[PDB]
Structures are given as C-alpha cells and as structure tokens.
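Everything below concerns the one structure shown next.
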Amino acid sequence: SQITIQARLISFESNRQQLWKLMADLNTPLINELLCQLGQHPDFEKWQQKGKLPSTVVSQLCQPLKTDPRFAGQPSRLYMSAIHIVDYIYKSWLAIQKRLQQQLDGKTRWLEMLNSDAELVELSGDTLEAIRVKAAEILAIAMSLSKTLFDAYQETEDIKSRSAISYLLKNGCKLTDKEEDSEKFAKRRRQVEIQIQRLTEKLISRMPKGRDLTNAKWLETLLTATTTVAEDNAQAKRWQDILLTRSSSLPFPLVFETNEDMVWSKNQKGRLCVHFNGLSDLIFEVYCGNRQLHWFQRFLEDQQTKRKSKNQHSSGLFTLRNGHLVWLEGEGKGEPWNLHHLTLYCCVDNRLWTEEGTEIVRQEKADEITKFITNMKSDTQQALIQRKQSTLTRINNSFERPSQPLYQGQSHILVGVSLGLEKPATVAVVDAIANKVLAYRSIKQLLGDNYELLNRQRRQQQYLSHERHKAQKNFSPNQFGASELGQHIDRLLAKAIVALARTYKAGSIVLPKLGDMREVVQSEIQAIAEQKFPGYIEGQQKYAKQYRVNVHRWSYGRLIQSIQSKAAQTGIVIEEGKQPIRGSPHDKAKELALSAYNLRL
DNA sequence: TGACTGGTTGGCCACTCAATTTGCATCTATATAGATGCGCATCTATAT
C-alpha cells in the first residue's frame, strides 16, 4: 500500500553546508559499524546459519562509538540513522545468504534423487513396472503432495523402494507409462548439475561494503604502486583491483523512522517549511509541483490537528510514515553542498488519505497492538506498554479527513494477466461462475495511443547498446540506456490493467508465479550448448546470446510490482497461479485466472 | 507552561543426394501422293 513522494529542500548555504559536514562525518561510522561485524564480530557464522541479525547487536556496537573522538559531534537522531541503515544492510544480506543456502541443499537432495529408468532397475533389483506399481501404491497412501513425497524420500528409504518415490517426483507427482530417452535424461540431469555448480559459486558473496568518500586507500595505493616493486603477481594485481575502483561521491542518506521527528510549519511568504529532530536551527523550504503539494499540506494539517487537540490524537495515523533525506547528484563544478541537491523522500501510506481508508489502518493497528500487549504480558518493558496503551487509546480519536466509499468488486470476476518475452502483458477478464471471458486485451489495445512506445523501447535498447560498446572502446563517459522508458511502459500497462479491472468490477487481478526465470533459462541453454560445442567454452557462451540477454533484460518483476502498487492504491485484491506452458497469450491469461479462482478452497 | 532533547522491544567450407530441366536419339503408326495392271468400248483392216 505505501508510496514515496518527494520534494527538493532549499536553504541558504550556511544550512546546506552544515548539514553536508554532519553527513560526511556520519557517513564514516556507517563504514566503521560495518567493519565491526564484517571481520571483528566472532558470532558471525551463527547469524549466517540462522539467516537473521540479533535485533540489538548494531546498537551495542554503536553505543561506545558515540563517544569516539571521530564520531562524537553528531545529534542523537543521526546515530539512530546510522544504526537503522547498518541494521537494514545486514538484515537484508543475511536473508539473501540463507535462501541461497536453502536452494543449494533443496537441489543437492534432487541431484541424488534424479535417476535414469535403468538406474532405478539396478538400484531396486526389480522391473520398471514393479516401480510403476509401487509408485501407484505411494500415490494411494498420499491420497502438500510434492513436499510429502520429498519427505517420504527423506524419511522411509524402505529397502531402496524410495526409488519409486523419485519415479513419481521426476514425473511431476504422477504415473507415467513411457520409458525415457537417455539423451533427454542426460540433458535434464546436466541442468541440475549446472544449477548445483552455480549455487555453490553464488553461495560465497562479497561482504557488504561501505561508501568510502575519503579516497585515502586509493591515494595510499597510488603512491605505493608507482614508487615500490610488488613481490608477487597477486600483490601487483591487488594494487590494480584497488586502483581501478571508482570511489563514491555521496554520503548515505539520513533515515528518520519516526514521523514526528520532522516538524512542519508555514513560512511568512506562505511556502511550507520543515526542520528535523536535532537540527532544529536549520529551517528548510519545500519546493514541489502542485501534482504532489496536497500531501505536503496534509503533513502540516495532521501536525496542527494533533497540537490543537492536546496530543489526544496519535501519529499512529499520521499520513507521513518516515523520511529519507538524500543528496541527489548535481552537474558541473562547485562545493558539494552547492553542487548536489537536498531531496526529502516521504514514505506515505496512501490508504490514510481518506477517512474510509484511515479506518482500515485503525483496525489493522488496533488488532496488532492488542496482540503485542498480550504476547508481552520488566521495568522499561512497562514503559513500552505505556507507549502502546497510549496508542491503543488515542488511535480511536479521528482526524477530520476526505470521504470516499471503498471500491467493491464481484468475487467471481477476475482479471488474468499473462507476461512473456514478445508480449510484456496480455489480459483476459473472466466471469468464473459463467466460465465466460467478458473481454480480452492485447498490447495494441492495453496501452492504446502509446503503442509506439514498445517499438521505441526495442529500438532504444538495440541502438543504445551498440553506442555503449562504441563509447567504451574510446573511454567516453557517455553511457545511456532505455531503463526509464521501460519503467514508464511498465507503469502505463499497470494503470490500464487496473482501469480495466475497475471497468468490469473485478474482485481481483491475477499475476503469474513466474519465479526465477533468468536462472532457469541460463541453466537450460548451458546444458544444451555443452552438447553442440563440447570443450569449446567460448562457443558454449556464444550459443544463444540474444535469447539469454533478452531474458536478463525481461522486466517481469518491475511490471508485477507496478501492477501490485496501482491495484492496492485502488483496493483490488492480488491473487496468483501457475502460468500455462502452451496456448496463445490469451489462452495463458484465461487459464491463469480460472486456475487462481479454482485455488480459492 | 509549551518548546526542546533523550529513550526504548552458429559460422566457414567441403561433400552428397533427390530432382527436375533440357536436350538428343529411336521408334511408330498413320496419311498421303504416284506406278502398274486389267476390263471393256471404239476404230481399222481383211476375208467370204
């Protein structure tokens, strides 16, 4: 449901320079608090096993750095911004590492389980029919299915008769009469080996890096490498890998996770202003287009409404949720605080705009807070329960807000969206009780006046990829791509799909479980290419470049998110299902929506 | 007393095969104009 809106902040130099000095000084303990985990912390491998960072460890590394002679000059809210960012860095990276570990194991199982029909006969000492009969018994026992069969191979080895359980699993949890081609099986088993290899490589990841602004390592390395002689090829390359590294120009943003830690006001000139907790001397002026101003007026109205009411209304329902203050990169020459541009990005929960939507968040938080208090039931823990119960009481007192009746769709009408390489979207609206398609749309309809933009995107990707190649050979800085055009097209389709869902009173939009299509294609094309260029690895990589590149450029996750966002701002439910391997783009969309309807029970 | 601040859970070449075009040689079975030979009319001559 959340959105991010933005404004540039304007102030006189003294204020934009003082804030830069604090952020160039704050950017450094964001580096030192990474290193205090990256190599200093002894428990680190226990966290990599569990997949989660302990909720207090970054604060317990930061608390003694608050008096460090290098870091002591900063407000209490700038240290909380440091702790926030470093918590979110590790809390992300450990959660990436854990899903990779789980995938590697979850296929190391399957590379053991996957056997040819002849190997099952040898391993069982029995007929492939005896295996078909035992596979029929195992389905009769089971009737969670695929997991239950995996568990019944992980348990219940059963005098190697788990051979028949692998026979079900390789057949997609079904009986098969046909006996398989050993060349097709060799390609299949090789794809798993490739996925296993690729996972054992990706299992090791570069320990998350800090944004060093100082150039000190680079300058020290330059004067070392030019005046001294390396003792090894490894040392001479270690200096090369440092000297090639581009250094950052921007400090990490400030994060203000409490909405009240931004204070709003109106300037004499009638313009809006803002100030931050601990920087309450530095008034900043808001500059934003009238297409976004209504939120910045709402910020000040939410604040005035609470202050006019003796704090009896809660910022648990303030339209602003959190702010990220960032320096966007400028152009040309000048001091960093005169060259770059302070920009304030406000997280906003869009459903807090209206009274009917605010009531949803009131019920959502009142249920979550009630459960929290009953799960809790020590000294400061009682003070925390005072924060919570003052919220649980205050959240019932309403802000005066715009009214708009909630959208309601028919529980039987669904929009199916089918994504692919040639057709980025294609739509079928199904009445699932009639089994009747109400409408279909192809791309030429689904973004209408804008259909020239798909042809533009394909021209621009091809044109600009060649210009980047020509530019790199000359060391030109000019490096451009179609990324913002692809982002616009994915947003045009997201608006049109939801406008169509509203038009037909659909209860939900259905999006495919595409999963990691990029890795799957990379393994399939490799297992095939190894049969056509054996030993010539450069020829294996050249086999289907344009197909592999087009799959790595395929924006399916960004279109899926663009539709999710616009649907949840409108109130339409999102649902999911398996996308058919065969059929036209329409048939894919039709069967996808009907499948998601069948999954209701 | 209402402000401030602090808290905190595929490509380049070499080789092969079906085909399918084009040309030439060899029947072949009919169509068609010129010798050749009776079969009678017609004229001439000869005799009682």
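Residue names in the structure tokens use chain letters A, B, ... in the order shown, residue numbers from 1 in each chain, and ligand numbers from 1 in the order shown.
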
Residues of chain A within 12 Å of chain B: nearest atom pair and distance (Å, one decimal) for each, counting only C-alpha atoms (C1' of nucleotides), sorted by chain and number, as a Markdown table?
| residue | atom | partner | partner_atom | distance |
| --- | --- | --- | --- | --- |
| A:54 | CA | B:9 | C1' | 11.9 |
| A:55 | CA | B:9 | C1' | 8.7 |
| A:56 | CA | B:9 | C1' | 9.3 |
| A:59 | CA | B:8 | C1' | 11.3 |
| A:75 | CA | B:5 | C1' | 9.6 |
| A:76 | CA | B:6 | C1' | 7.7 |
| A:77 | CA | B:6 | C1' | 9.7 |
| A:80 | CA | B:7 | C1' | 11.6 |
| A:261 | CA | B:5 | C1' | 11.5 |
| A:276 | CA | B:4 | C1' | 11.9 |
| A:277 | CA | B:5 | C1' | 8.4 |
| A:278 | CA | B:5 | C1' | 7.5 |
| A:279 | CA | B:5 | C1' | 11.0 |
| A:280 | CA | B:4 | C1' | 8.8 |
| A:281 | CA | B:4 | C1' | 11.1 |
| A:307 | CA | B:2 | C1' | 10.6 |
| A:310 | CA | B:2 | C1' | 10.7 |
| A:372 | CA | B:9 | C1' | 10.4 |
| A:373 | CA | B:9 | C1' | 11.4 |
| A:375 | CA | B:9 | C1' | 11.8 |
| A:376 | CA | B:9 | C1' | 9.4 |
| A:378 | CA | B:9 | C1' | 11.4 |
| A:379 | CA | B:8 | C1' | 11.2 |
| A:380 | CA | B:8 | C1' | 7.3 |
| A:381 | CA | B:9 | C1' | 7.4 |
| A:382 | CA | B:9 | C1' | 10.8 |
| A:383 | CA | B:8 | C1' | 8.5 |
| A:384 | CA | B:8 | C1' | 7.1 |
| A:385 | CA | B:9 | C1' | 10.0 |
| A:386 | CA | B:8 | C1' | 11.6 |
| A:387 | CA | B:8 | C1' | 10.0 |
| A:388 | CA | B:9 | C1' | 11.3 |
| A:529 | CA | B:10 | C1' | 10.9 |
| A:532 | CA | B:10 | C1' | 9.7 |
| A:533 | CA | B:10 | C1' | 10.0 |
| A:539 | CA | B:10 | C1' | 8.8 |
| A:540 | CA | B:10 | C1' | 10.4 |
| A:541 | CA | B:10 | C1' | 11.6 |
| A:542 | CA | B:10 | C1' | 8.5 |
| A:543 | CA | B:10 | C1' | 7.0 |
| A:544 | CA | B:10 | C1' | 9.0 |
| A:545 | CA | B:10 | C1' | 11.1 |

8 Å contact set for range 509-512 of chain A, only C-alpha atoms (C1' of nucleotides), chain neighbours under 4 positions out, as a PyMOL selection string: chain A and resi 414-419+498+501+560+567+572-579+592-593+596

Just the number, please: distance in Å from CA of residue 585 in chain A to CA of residue 423 in chain A, one decimal. 7.6 Å

Selection: 9 Å around residue 303 in chain A, only C-alpha atoms (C1' of nucleotides), excl. self and same-chain fewer than 5 positions, as a list in words: residues 260, 263, 264, 298, 308, 315 and 318 of chain A

Spatial neighbours of range 454-468 of chain A, 6 Å, only C-alpha atoms (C1' of nucleotides), chain gap at least 4 places, as JSON, numbers by chain: {"A": [479, 481, 482]}

Could the residues in this selection be written to a file with N, CA, C and O atoms, as a PDB file, in the first residue's frame?
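That gives us part_14.pdb:
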ATOM      1  N   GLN A 479      27.286   6.992 -21.328  1.00  0.00           N
ATOM      2  CA  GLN A 479      26.762   5.651 -21.117  1.00  0.00           C
ATOM      3  C   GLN A 479      25.278   5.780 -20.745  1.00  0.00           C
ATOM      4  O   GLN A 479      24.951   6.238 -19.651  1.00  0.00           O
ATOM      5  N   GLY A 481      20.917   4.247 -21.463  1.00  0.00           N
ATOM      6  CA  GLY A 481      20.058   3.092 -21.705  1.00  0.00           C
ATOM      7  C   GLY A 481      18.571   3.409 -21.582  1.00  0.00           C
ATOM      8  O   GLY A 481      18.179   4.478 -21.125  1.00  0.00           O
ATOM      9  N   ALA A 482      17.738   2.459 -21.994  1.00  0.00           N
ATOM     10  CA  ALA A 482      16.287   2.588 -22.045  1.00  0.00           C
ATOM     11  C   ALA A 482      15.568   2.323 -20.708  1.00  0.00           C
ATOM     12  O   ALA A 482      14.376   2.026 -20.707  1.00  0.00           O
TER      13      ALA A 482
END

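Neighbouring residues of residue 248 in chain A at 12 Å or closer, counting only C-alpha atoms (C1' of nucleotides) and skipping chain neighbours under 2 positions away, are residues 24, 27, 209, 210, 211, 212, 213, 214, 215, 218, 245, 246, 250, 251, 252 and 329 of chain A.
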
With N, CA and C atoms retained, could you export that selection as a compact mmCIF listing (two decimals), in the first residue's frame?
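File produced: selection_30.txt:
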# COMPACT_ATOMS: atom_id res chain seq x y z
N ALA A 24 28.89 13.99 5.86
CA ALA A 24 30.23 13.47 5.55
C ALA A 24 30.91 12.87 6.80
N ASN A 27 28.64 9.59 7.54
CA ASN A 27 28.93 8.55 6.57
C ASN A 27 30.07 7.65 7.06
N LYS A 209 29.74 -3.76 1.50
CA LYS A 209 30.73 -2.66 1.54
C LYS A 209 30.17 -1.31 1.98
N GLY A 210 30.99 -0.52 2.67
CA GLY A 210 30.72 0.88 2.99
C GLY A 210 31.08 1.84 1.85
N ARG A 211 30.40 2.99 1.77
CA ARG A 211 30.66 4.05 0.77
C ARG A 211 31.78 4.99 1.23
N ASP A 212 33.05 4.62 1.03
CA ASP A 212 34.20 5.48 1.37
C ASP A 212 34.31 6.75 0.49
N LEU A 213 34.20 7.94 1.09
CA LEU A 213 34.35 9.21 0.38
C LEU A 213 35.78 9.77 0.41
N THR A 214 36.66 9.23 1.26
CA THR A 214 37.94 9.86 1.60
C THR A 214 39.01 9.74 0.51
N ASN A 215 38.89 8.78 -0.41
CA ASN A 215 39.95 8.36 -1.34
C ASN A 215 41.28 7.94 -0.68
N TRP A 218 42.90 4.68 -1.91
CA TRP A 218 43.27 4.86 -3.31
C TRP A 218 44.54 5.71 -3.47
N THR A 245 39.15 0.80 -8.92
CA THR A 245 37.88 1.01 -8.21
C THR A 245 37.44 2.48 -8.26
N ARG A 246 36.23 2.76 -8.76
CA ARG A 246 35.58 4.08 -8.68
C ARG A 246 35.10 4.33 -7.26
N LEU A 250 28.73 10.53 -2.83
CA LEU A 250 27.62 10.89 -1.94
C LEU A 250 27.62 10.15 -0.60
N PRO A 251 27.39 10.82 0.54
CA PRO A 251 27.19 10.14 1.81
C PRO A 251 25.88 9.34 1.83
N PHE A 252 25.76 8.34 2.70
CA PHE A 252 24.48 7.69 2.97
C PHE A 252 23.40 8.71 3.40
N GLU A 329 22.78 13.79 -6.98
CA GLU A 329 23.99 14.28 -7.64
C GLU A 329 23.67 15.41 -8.61

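Distances to residue 109 in chain A were evaluated for A:65, A:141, A:282, A:169 using only C-alpha atoms, and the minimum falls at A:169.
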
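With CA of residue 37 in chain A on one side and CA of residue 52 in chain A on the other, the separation reads 13.5 Å.
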